[PDB]
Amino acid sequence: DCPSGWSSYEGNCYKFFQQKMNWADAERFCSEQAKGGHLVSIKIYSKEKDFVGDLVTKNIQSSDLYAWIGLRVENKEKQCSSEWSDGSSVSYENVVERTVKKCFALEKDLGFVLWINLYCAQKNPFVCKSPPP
């Protein structure tokens, strides 16, 4: 089924890579890693959560707190509030770039099970998922 070095679950190939990159560089890395490759996608309620969980936790072994996953904020804006608390539509915004948290990673605490959004620029290790080659 899955290529040497990858663990399998539900007819899928998963793999944790200890190579710190930004959310962007990680997805591409996964993409070029295997056909149909992408950052792991986690079915909110399933053994998959646990699976990808142990898969990292029992290997990421480190001082790292996050692991990039495939989910990301899809809106183009820096923040997702189209209107102000007064209804007036947001046009002129002035957000401090390194404050926009539009990419999701797995939190260390609890076992790399809960998700969190971070400043995509951040270099963290990741987990790729791909269908059996």
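Numbering starts at 1 and runs along the sequence shown.
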query: Per the entry, higher mean C-alpha B factor between 36-44 and 90-98; finding: 90-98
query: Given 81-89 and 51-59, the range whose Cα B-factors average higher in the PDB entry; finding: 81-89
query: Cα B factor band for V73 (lowest, middle or highest third within the chain); finding: highest
query: For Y9, the third of its chain into which the C-alpha B factor falls; finding: highest
query: Chain third (lowest, middle, highest) by recorded CA B-factor, residue given as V127; finding: lowest
